[PDB]
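Here you get one chain, nothing else, as structure tokens; it is the form deposited in one PDB entry.
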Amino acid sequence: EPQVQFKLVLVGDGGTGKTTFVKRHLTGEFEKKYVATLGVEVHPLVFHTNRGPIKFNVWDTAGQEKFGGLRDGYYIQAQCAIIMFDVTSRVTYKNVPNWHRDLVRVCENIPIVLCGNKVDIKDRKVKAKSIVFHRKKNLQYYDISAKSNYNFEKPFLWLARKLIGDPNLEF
């Protein structure tokens, strides 16, 4: 039904919360256990906007190299992307440039949102100060939390405005 739909590739280090983030959108439930994704899982997410139903086909990829292997082949014909990292794990932020690099290898120019997940957790290792890759690459950045729903929709809303090219789009 929705006639406006986009391939969205969701990448980032293992355990940063990518699947939890998507499941939360899909069903509203929060999954507590970590069950690594194998390769990719494709989930359609439909947003009801003031410009109609917008569908993001979310390609939830595997962050653990051992389950990835061919991840890069999922990038093909993606129209937008989310790079996720974990605000409580400095290493995930340190890998952001590698994720970014690989995505643009395939998807030349395409809107990308950088998300720092798990801001619901007390001891932040990646402080707002640290986070500046978005400035060096013109990416949109957001703090998010799959657990508390903080800025839950911001990444999709931003991408929607960008891809429809209408700043008045509202969810």
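Shifts are known only where both forms have a C-alpha. In this text, the rigid core denotes the largest set of C-alpha atoms whose superposition between the two forms falls within 1.5 Å. Residues carry their position along the shown sequence, with the first being 1.
Missing here is the form deposited in another entry; even so, the following discussion is about that form.
Shift analysis on the rigid core between this form and the one not shown singles out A36 from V104, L45, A36, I121 (C-alpha displacement of 2 Å or more). After superposition on the rigid core, the Cα atom of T27 is displaced by 2 Å or more between this form and the one not shown.
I54 shows a C-alpha shift below 2 Å between this form and the one not shown [criterion: core-superposed Cα displacement of 2 Å].
The pair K32 and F56 approaches in the other form: their C-alpha atoms are at least 3 Å nearer to each other than in the form depicted.
Compared with the form shown here, the C-alpha atoms of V113 and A36 sit at least 3 Å farther apart in the other form. Comparing the forms between this form and the one not shown on their core, residues 26-39, 61-72 form runs of at least three in a row where every Cα shifts 2 Å or more.
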